[PDB]
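>>> just coords:
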């Protein structure tokens, strides 16, 4: 399925080239511009665990998730991955635990040492 495909066919987008964050662009976005550090970004997403279960979805809340890019407000994989996206892009990200919740996990939903899969749509980005 999609998680296997990004695992086996995704691009390593880490600066370290440690394969900790892998990406596939699923829908191509607009032009060439990507957000910059500190921008307010608006995304829709769903997340799955490696046991196949959906653990979160903004779509199911009928509201996007909004954060300031590159500030550590989200897991490392998201700061890295969303920074690569164009407006309107949809991507798949595979996030090893070192770029997510590590050995701690995040109770109740995310176990220790969890590799996470996301589908992310970048709706908009703006400077404040």
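On my side now, so go ahead. Residues are numbered from 1 along each chain as shown.

>>> Backbone dihedrals for the residue nearest the centre of the chain, please?
Centroid-nearest residue in the chain: residue 78, 4.2 Å away (criterion: C-alpha atoms, centre = their mean). Backbone torsions for residue 78, taken as degrees, to the nearest 10, come to phi -70, psi -40.

>>> That one and residue 98, how far apart?
14 Å (C-beta to C-beta, to the nearest Å). Placement of C-beta: from N, CA and C, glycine included.

>>> Residue 125 too?
With C-beta to C-beta as the criterion, residue 125 and residue 98 are 26 Å apart.

>>> The two: who's more crowded?
Taking other C-beta atoms under 10 Å, residue 125 and residue 98 do not tie; residue 125 has more neighbours (20 against 17).

>>> Provide the strand pairings for the helix or strand containing the more buried one, with the direction of each partner.
Assigned by DSSP states H and E, residue 125 belongs to strand 116-126. Strands adjacent to strand 116-126 in the sheet, as given by DSSP bridges, are strand 40-48 (antiparallel), strand 90-95 (antiparallel).

>>> ok, and for it, which residues are buried?
The neighbour-count check on strand 116-126 (16 or more other C-beta atoms under 10 Å) flags 116-123, 125 as buried.

>>> ranges for the strands of the chain?
11-12, 21-27, 40-48, 54-57, 65-68, 90-95, 116-126 (DSSP state E).

>>> so which of those strands is the most packed in?
Mean neighbour count (mean count of other C-beta atoms under 10 Å) peaks for strand 90-95 among those, with a mean of 24.

>>> what angle sits between that one and strand 21-27?
Relative orientation of strand 90-95 versus strand 21-27 (axes from the mean of the first three to the mean of the last three C-alpha atoms, to 10 degrees): 170 degrees.

>>> Work out the gap between strand 90-95 and the centre of the chain.
Mean-position distance between strand 90-95 and its chain equals 5 Å (C-alpha atoms, centre = their mean, to the nearest Å).
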